[PDB]
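Comments concern the structure below.
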Protein chains: 2
Amino acid sequence: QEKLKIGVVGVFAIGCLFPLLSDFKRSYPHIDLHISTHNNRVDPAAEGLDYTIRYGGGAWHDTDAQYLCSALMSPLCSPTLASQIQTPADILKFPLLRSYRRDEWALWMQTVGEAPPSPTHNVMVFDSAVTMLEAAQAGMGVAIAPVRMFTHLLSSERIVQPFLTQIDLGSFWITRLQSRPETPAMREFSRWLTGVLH
Amino acid sequence: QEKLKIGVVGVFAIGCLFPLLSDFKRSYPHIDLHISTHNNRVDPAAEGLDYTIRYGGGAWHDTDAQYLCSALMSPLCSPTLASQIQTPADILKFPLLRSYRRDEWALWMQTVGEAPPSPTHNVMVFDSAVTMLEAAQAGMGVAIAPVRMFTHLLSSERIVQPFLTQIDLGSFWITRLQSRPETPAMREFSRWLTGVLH
């Protein structure tokens, strides 16, 4: 077996990669895949990773970065909250849930023609979109995250997307440190993943 | 308003703290609470936190640590997986899901009188118990995590605890850097939380 160690941002692992892993095993049985998750804030050298699947803009320095897929973001909330939401302004009836990035809600609101939320607005901050959406399901507030990573919650009707407008503040990328040697197994995994996504 | 900034381990935020936050607001309306989540691997100084709610043994150096509650761990899996699990050995029909700690499964199995899982066993590693349990619900494998933090999944029947045996590899603690000044709002929040838990 050829070892491959991969650190995957949690939202991507649950929303995309995990369901597809048996297909990787089908195509490449000879690969010993060591999967670990992170919250997008990761040090691949320290963790001894071969690849890192992450969210961002693709321009990490001294990194070989390959595009996986888009991660368009939109408001997401429980059906109970959604019942009280008709216009974008109605989102402000409730606390906002955001990631460590400070601009998500300002940008989305601006795109839909609203003013920025009051600097006084009740806001909760999440290291992980997976945790954010757990809070959202429980009606803790309105989340903003990559819609396609929560198809499972949308289809099962645990979360609703009240508005069509989406924003791009990053995509999903797979990255190798340029100081890290690219192996046969790495090339094969990269080929499989960018391939199965298309 | 008095500002209070708190970084909370995700599993505790979803499984315990979030449901209780309106009760804090009832008792202490004058507090401006800034909640953020982390994956238990956090630097409170860098993040400028007042308090950190975390999982561990209570003996962080140069930290004032206060015990919140126990976090006994047991195997957790989907009903479909559980249907194929009668004895602890049956867990090994499926991949194991673990945290960054390397000893959880060895310890639990040893406690129930089994041998350690093969060093060859399919294992997936999670920065966050919240993400682990999402994977577990989807039948990706059998998780091990703090049972009382997933009452929501147990009650709704999305996850099952097949065995009664639990282990203690850590509890939940609230910690302040000794170099960080203890404020009025901090004392009041600490008092409320240790209080509402009892």
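Labeling convention for the structure tokens: chains A, B, ... as they appear, residues from 1 per chain, ligands from 1 in order of appearance.
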
Given only C-alpha atoms, how would the per-residue table for chain A near chain B read, listing every residue at most 7 Å away with its closest atom pair and distance in Å to one decimal, sorted by chain and number, as a Markdown table?
| residue | atom | partner | partner_atom | distance |
| --- | --- | --- | --- | --- |
| A:10 | CA | B:131 | CA | 6.4 |
| A:14 | CA | B:135 | CA | 6.4 |
| A:34 | CA | B:124 | CA | 6.9 |
| A:35 | CA | B:124 | CA | 5.4 |
| A:36 | CA | B:125 | CA | 4.4 |
| A:37 | CA | B:126 | CA | 4.9 |
| A:38 | CA | B:127 | CA | 5.3 |
| A:124 | CA | B:35 | CA | 5.4 |
| A:125 | CA | B:36 | CA | 4.4 |
| A:126 | CA | B:37 | CA | 4.9 |
| A:127 | CA | B:38 | CA | 5.3 |
| A:130 | CA | B:131 | CA | 6.5 |
| A:131 | CA | B:10 | CA | 6.4 |
| A:135 | CA | B:14 | CA | 6.4 |

Next item on the list: Give me the residues within 10 Å of residue 104 of chain B as a ChimeraX atom specification, counting only C-alpha atoms and dropping any in the same chain fewer than 3 places off.
Entry: /B:73-74,97-101,107-110,144-145,167-169

Output N, CA and C atoms of each residue in that selection to a file, as an mmCIF file, in the first residue's frame.
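The file below, selection_28.cif, is the result:
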data_model
loop_
_atom_site.group_PDB
_atom_site.id
_atom_site.type_symbol
_atom_site.label_atom_id
_atom_site.label_comp_id
_atom_site.auth_asym_id
_atom_site.auth_seq_id
_atom_site.Cartn_x
_atom_site.Cartn_y
_atom_site.Cartn_z
ATOM 1 N N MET B 73 -17.035 9.298 27.540
ATOM 2 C CA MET B 73 -17.054 8.874 26.175
ATOM 3 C C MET B 73 -17.462 7.406 25.930
ATOM 4 N N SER B 74 -18.205 7.191 24.862
ATOM 5 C CA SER B 74 -18.679 5.863 24.505
ATOM 6 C C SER B 74 -18.862 5.817 22.996
ATOM 7 N N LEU B 97 -13.851 6.232 13.967
ATOM 8 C CA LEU B 97 -13.675 7.673 13.909
ATOM 9 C C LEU B 97 -13.106 8.119 15.258
ATOM 10 N N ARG B 98 -12.036 8.910 15.229
ATOM 11 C CA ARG B 98 -11.354 9.355 16.451
ATOM 12 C C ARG B 98 -10.984 10.839 16.379
ATOM 13 N N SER B 99 -10.634 11.414 17.522
ATOM 14 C CA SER B 99 -10.117 12.779 17.576
ATOM 15 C C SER B 99 -8.602 12.755 17.355
ATOM 16 N N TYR B 100 -7.941 13.877 17.510
ATOM 17 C CA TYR B 100 -6.514 13.943 17.378
ATOM 18 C C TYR B 100 -5.691 13.142 18.409
ATOM 19 N N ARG B 101 -6.315 12.812 19.524
ATOM 20 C CA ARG B 101 -5.791 11.919 20.554
ATOM 21 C C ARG B 101 -5.637 10.517 19.991
ATOM 22 N N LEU B 107 -8.053 2.552 24.613
ATOM 23 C CA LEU B 107 -8.546 2.648 25.985
ATOM 24 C C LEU B 107 -9.965 2.093 26.164
ATOM 25 N N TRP B 108 -10.890 2.468 25.286
ATOM 26 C CA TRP B 108 -12.260 1.976 25.435
ATOM 27 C C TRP B 108 -12.340 0.451 25.296
ATOM 28 N N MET B 109 -11.745 -0.073 24.231
ATOM 29 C CA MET B 109 -11.679 -1.516 24.000
ATOM 30 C C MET B 109 -11.033 -2.279 25.171
ATOM 31 N N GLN B 110 -9.920 -1.749 25.661
ATOM 32 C CA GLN B 110 -9.234 -2.337 26.812
ATOM 33 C C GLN B 110 -10.152 -2.378 28.041
ATOM 34 N N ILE B 144 -16.294 7.836 18.677
ATOM 35 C CA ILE B 144 -16.239 7.857 20.142
ATOM 36 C C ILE B 144 -16.102 9.302 20.626
ATOM 37 N N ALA B 145 -17.044 9.739 21.444
ATOM 38 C CA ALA B 145 -17.113 11.130 21.899
ATOM 39 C C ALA B 145 -17.918 11.284 23.199
ATOM 40 N N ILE B 167 -15.802 5.992 29.146
ATOM 41 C CA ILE B 167 -14.459 6.259 29.659
ATOM 42 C C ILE B 167 -14.242 7.754 29.901
ATOM 43 N N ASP B 168 -13.303 8.080 30.779
ATOM 44 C CA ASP B 168 -12.979 9.472 31.058
ATOM 45 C C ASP B 168 -11.578 9.778 30.551
ATOM 46 N N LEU B 169 -11.500 10.551 29.472
ATOM 47 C CA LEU B 169 -10.211 11.011 28.957
ATOM 48 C C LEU B 169 -10.110 12.538 29.016
#

Margin query: Taking only segment 76-145 of chain B into account, list the residues labelled strand (DSSP E or B) by DSSP (computed from the backbone), as a PyMOL selection string.
Written below: chain B and resi 76-77+96-99+123-126+142-145

Could you take the residues named above and write them with N, CA, C and O atoms, as a tab-separated table (two decimals), in the first residue's frame?
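again_7.tsv was written with the following content:
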chain	number	residue	atom	x	y	z
B	76	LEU	N	-20.59	5.67	19.44
B	76	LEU	CA	-21.79	6.29	18.91
B	76	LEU	C	-21.84	6.04	17.41
B	76	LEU	O	-20.85	6.24	16.74
B	77	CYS	N	-22.98	5.60	16.90
B	77	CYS	CA	-23.09	5.27	15.49
B	77	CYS	C	-24.54	5.42	15.03
B	77	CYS	O	-25.44	5.64	15.85
B	96	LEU	N	-13.21	3.19	12.25
B	96	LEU	CA	-13.29	3.91	13.51
B	96	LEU	C	-13.09	5.41	13.26
B	96	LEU	O	-12.30	5.80	12.41
B	97	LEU	N	-13.85	6.23	13.97
B	97	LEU	CA	-13.68	7.67	13.91
B	97	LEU	C	-13.11	8.12	15.26
B	97	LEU	O	-13.62	7.73	16.31
B	98	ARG	N	-12.04	8.91	15.23
B	98	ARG	CA	-11.35	9.36	16.45
B	98	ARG	C	-10.98	10.84	16.38
B	98	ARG	O	-11.02	11.45	15.31
B	99	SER	N	-10.63	11.41	17.52
B	99	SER	CA	-10.12	12.78	17.58
B	99	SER	C	-8.60	12.75	17.35
B	99	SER	O	-8.03	11.71	17.06
B	123	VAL	N	-9.21	4.10	9.81
B	123	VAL	CA	-9.47	5.12	10.82
B	123	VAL	C	-9.53	6.51	10.20
B	123	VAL	O	-8.68	6.87	9.40
B	124	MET	N	-10.55	7.30	10.56
B	124	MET	CA	-10.60	8.71	10.17
B	124	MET	C	-10.49	9.63	11.40
B	124	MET	O	-11.09	9.35	12.45
B	125	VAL	N	-9.75	10.72	11.24
B	125	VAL	CA	-9.36	11.59	12.35
B	125	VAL	C	-10.03	12.95	12.23
B	125	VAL	O	-10.03	13.57	11.16
B	126	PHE	N	-10.60	13.43	13.35
B	126	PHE	CA	-11.40	14.64	13.38
B	126	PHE	C	-10.90	15.69	14.35
B	126	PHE	O	-10.64	15.38	15.52
B	142	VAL	N	-17.88	4.26	13.21
B	142	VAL	CA	-18.31	4.36	14.60
B	142	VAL	C	-17.46	5.41	15.30
B	142	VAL	O	-16.22	5.34	15.29
B	143	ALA	N	-18.13	6.40	15.89
B	143	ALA	CA	-17.46	7.50	16.57
B	143	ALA	C	-17.24	7.15	18.03
B	143	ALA	O	-17.89	6.26	18.56
B	144	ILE	N	-16.29	7.84	18.68
B	144	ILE	CA	-16.24	7.86	20.14
B	144	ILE	C	-16.10	9.30	20.63
B	144	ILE	O	-15.22	10.04	20.18
B	145	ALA	N	-17.04	9.74	21.44
B	145	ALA	CA	-17.11	11.13	21.90
B	145	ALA	C	-17.92	11.28	23.20
B	145	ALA	O	-18.50	10.39	23.65

Item checked: Point-to-point distance in Å for atom CA of residue 163 of chain B and atom CA of residue 137 of chain B -> 16.9 Å

Can you tell me, as a tab-separated table (two decimals) with C-alpha atoms, in the first residue's frame, what residues are no more than 9 Å from residue 196 of chain B when counting only C-alpha atoms, ignoring any on the same chain fewer than 3 positions away?
chain	number	residue	atom	x	y	z
B	20	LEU	CA	-28.70	27.87	27.85
B	23	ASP	CA	-30.93	32.01	30.57
B	24	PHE	CA	-27.61	33.82	30.87
B	191	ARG	CA	-21.04	31.86	38.45
B	192	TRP	CA	-24.02	31.50	36.13
B	193	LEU	CA	-22.60	28.59	34.13

Next item on the list: Compare B:49, B:185, B:106, B:164 by their minimum atom-to-atom distance to residue 72 of chain B, counting only C-alpha atoms, and give me the closest one.
Entry: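 Nearest to residue 72 of chain B: B:164.
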
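Ranking A:103, A:90, A:50, A:114 by their shortest atom-to-atom distance to residue 176 of chain A, with only C-alpha atoms included, puts A:50 first.
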
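Shortest separation to residue 5 of chain B among B:189, B:150, B:67, B:51 occurs at residue B:51, atoms counted being only C-alpha atoms.
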
Margin query: At a cut-off of 10 Å, using only C-alpha atoms, what residues contact residue 194 of chain A? Leave out same-chain residues fewer than 4 positions from it and give the result as a VMD selection string.
Written below: chain A and resid 66 to 69 173 to 174 189 to 190 198

Pull N, CA and C atoms from the residues just selected and write them as a PDB file, in the first residue's frame.
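Written out: again_9.pdb:
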ATOM      1  N   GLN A  66      -4.428  23.638  -6.469  1.00  0.00           N
ATOM      2  CA  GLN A  66      -5.284  23.173  -7.553  1.00  0.00           C
ATOM      3  C   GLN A  66      -6.749  23.379  -7.194  1.00  0.00           C
ATOM      4  N   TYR A  67      -7.502  23.990  -8.106  1.00  0.00           N
ATOM      5  CA  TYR A  67      -8.912  24.325  -7.878  1.00  0.00           C
ATOM      6  C   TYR A  67      -9.776  23.072  -7.858  1.00  0.00           C
ATOM      7  N   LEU A  68     -10.635  22.953  -6.845  1.00  0.00           N
ATOM      8  CA  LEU A  68     -11.577  21.835  -6.778  1.00  0.00           C
ATOM      9  C   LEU A  68     -12.966  22.255  -7.245  1.00  0.00           C
ATOM     10  N   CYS A  69     -13.576  23.197  -6.532  1.00  0.00           N
ATOM     11  CA  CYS A  69     -14.942  23.618  -6.857  1.00  0.00           C
ATOM     12  C   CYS A  69     -15.346  24.929  -6.183  1.00  0.00           C
ATOM     13  N   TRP A 173      -9.978  24.406  -2.656  1.00  0.00           N
ATOM     14  CA  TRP A 173      -8.687  24.175  -3.290  1.00  0.00           C
ATOM     15  C   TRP A 173      -8.000  22.994  -2.632  1.00  0.00           C
ATOM     16  N   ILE A 174      -7.164  22.295  -3.390  1.00  0.00           N
ATOM     17  CA  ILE A 174      -6.272  21.290  -2.800  1.00  0.00           C
ATOM     18  C   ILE A 174      -4.833  21.762  -3.001  1.00  0.00           C
ATOM     19  N   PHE A 189      -4.720  10.651  -6.511  1.00  0.00           N
ATOM     20  CA  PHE A 189      -5.811  11.245  -5.753  1.00  0.00           C
ATOM     21  C   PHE A 189      -6.288  12.580  -6.346  1.00  0.00           C
ATOM     22  N   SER A 190      -5.351  13.446  -6.726  1.00  0.00           N
ATOM     23  CA  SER A 190      -5.707  14.734  -7.337  1.00  0.00           C
ATOM     24  C   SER A 190      -6.500  14.498  -8.599  1.00  0.00           C
ATOM     25  N   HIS A 198     -16.168  16.718 -11.726  1.00  0.00           N
ATOM     26  CA  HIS A 198     -16.652  17.052 -13.065  1.00  0.00           C
ATOM     27  C   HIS A 198     -17.403  15.880 -13.697  1.00  0.00           C
TER      28      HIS A 198
END

Next item on the list: as JSON, numbers by chain, please: all residues of segment 45-110 of chain A that backbone DSSP puts in helix (DSSP H, G or I).
Entry: {"A": [45, 46, 47, 79, 80, 81, 82, 88, 89, 90, 91, 92, 93, 104, 105, 106, 107, 108, 109, 110]}

Take the residues that were just selected and, keeping N, CA and C atoms, output them as a PDB file, in the first residue's frame.
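Generated file (out10.pdb):
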ATOM      1  N   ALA A  45       2.811  21.402   7.314  1.00  0.00           N
ATOM      2  CA  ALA A  45       4.139  20.933   7.708  1.00  0.00           C
ATOM      3  C   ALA A  45       4.135  20.294   9.099  1.00  0.00           C
ATOM      4  N   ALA A  46       3.570  21.001  10.071  1.00  0.00           N
ATOM      5  CA  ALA A  46       3.534  20.510  11.452  1.00  0.00           C
ATOM      6  C   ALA A  46       2.743  19.203  11.547  1.00  0.00           C
ATOM      7  N   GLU A  47       1.655  19.112  10.783  1.00  0.00           N
ATOM      8  CA  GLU A  47       0.790  17.949  10.834  1.00  0.00           C
ATOM      9  C   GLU A  47       1.293  16.841   9.930  1.00  0.00           C
ATOM     10  N   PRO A  79     -36.356  26.162   9.084  1.00  0.00           N
ATOM     11  CA  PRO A  79     -37.697  26.452   8.560  1.00  0.00           C
ATOM     12  C   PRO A  79     -38.472  27.413   9.461  1.00  0.00           C
ATOM     13  N   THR A  80     -38.327  27.297  10.780  1.00  0.00           N
ATOM     14  CA  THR A  80     -39.049  28.206  11.674  1.00  0.00           C
ATOM     15  C   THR A  80     -38.584  29.651  11.485  1.00  0.00           C
ATOM     16  N   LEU A  81     -37.275  29.852  11.404  1.00  0.00           N
ATOM     17  CA  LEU A  81     -36.769  31.196  11.148  1.00  0.00           C
ATOM     18  C   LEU A  81     -37.210  31.674   9.777  1.00  0.00           C
ATOM     19  N   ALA A  82     -37.189  30.768   8.803  1.00  0.00           N
ATOM     20  CA  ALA A  82     -37.473  31.143   7.422  1.00  0.00           C
ATOM     21  C   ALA A  82     -38.923  31.609   7.277  1.00  0.00           C
ATOM     22  N   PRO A  88     -34.667  40.384   2.535  1.00  0.00           N
ATOM     23  CA  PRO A  88     -33.352  40.294   3.180  1.00  0.00           C
ATOM     24  C   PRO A  88     -33.279  41.041   4.520  1.00  0.00           C
ATOM     25  N   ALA A  89     -33.965  42.177   4.625  1.00  0.00           N
ATOM     26  CA  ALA A  89     -34.014  42.927   5.878  1.00  0.00           C
ATOM     27  C   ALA A  89     -34.514  42.086   7.063  1.00  0.00           C
ATOM     28  N   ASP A  90     -35.384  41.113   6.782  1.00  0.00           N
ATOM     29  CA  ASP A  90     -35.985  40.256   7.808  1.00  0.00           C
ATOM     30  C   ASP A  90     -34.969  39.351   8.502  1.00  0.00           C
ATOM     31  N   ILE A  91     -33.854  39.079   7.830  1.00  0.00           N
ATOM     32  CA  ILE A  91     -32.773  38.309   8.442  1.00  0.00           C
ATOM     33  C   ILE A  91     -32.371  38.943   9.784  1.00  0.00           C
ATOM     34  N   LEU A  92     -32.419  40.273   9.846  1.00  0.00           N
ATOM     35  CA  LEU A  92     -32.007  41.029  11.038  1.00  0.00           C
ATOM     36  C   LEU A  92     -32.972  40.950  12.231  1.00  0.00           C
ATOM     37  N   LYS A  93     -34.058  40.199  12.078  1.00  0.00           N
ATOM     38  CA  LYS A  93     -34.895  39.850  13.211  1.00  0.00           C
ATOM     39  C   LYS A  93     -34.117  38.936  14.154  1.00  0.00           C
ATOM     40  N   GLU A 104     -18.418  38.806   5.709  1.00  0.00           N
ATOM     41  CA  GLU A 104     -19.392  37.993   4.992  1.00  0.00           C
ATOM     42  C   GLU A 104     -20.772  38.620   4.930  1.00  0.00           C
ATOM     43  N   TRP A 105     -21.263  39.024   6.074  1.00  0.00           N
ATOM     44  CA  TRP A 105     -22.586  39.634   6.122  1.00  0.00           C
ATOM     45  C   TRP A 105     -22.659  41.030   5.485  1.00  0.00           C
ATOM     46  N   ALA A 106     -21.616  41.834   5.673  1.00  0.00           N
ATOM     47  CA  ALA A 106     -21.554  43.147   5.035  1.00  0.00           C
ATOM     48  C   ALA A 106     -21.610  42.991   3.519  1.00  0.00           C
ATOM     49  N   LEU A 107     -20.780  42.098   3.000  1.00  0.00           N
ATOM     50  CA  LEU A 107     -20.729  41.826   1.565  1.00  0.00           C
ATOM     51  C   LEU A 107     -22.048  41.287   0.998  1.00  0.00           C
ATOM     52  N   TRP A 108     -22.649  40.303   1.660  1.00  0.00           N
ATOM     53  CA  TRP A 108     -23.899  39.749   1.141  1.00  0.00           C
ATOM     54  C   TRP A 108     -25.020  40.794   1.109  1.00  0.00           C
ATOM     55  N   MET A 109     -25.217  41.478   2.231  1.00  0.00           N
ATOM     56  CA  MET A 109     -26.204  42.553   2.331  1.00  0.00           C
ATOM     57  C   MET A 109     -25.990  43.660   1.282  1.00  0.00           C
ATOM     58  N   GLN A 110     -24.739  44.073   1.127  1.00  0.00           N
ATOM     59  CA  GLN A 110     -24.384  45.077   0.123  1.00  0.00           C
ATOM     60  C   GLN A 110     -24.755  44.603  -1.288  1.00  0.00           C
TER      61      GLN A 110
END
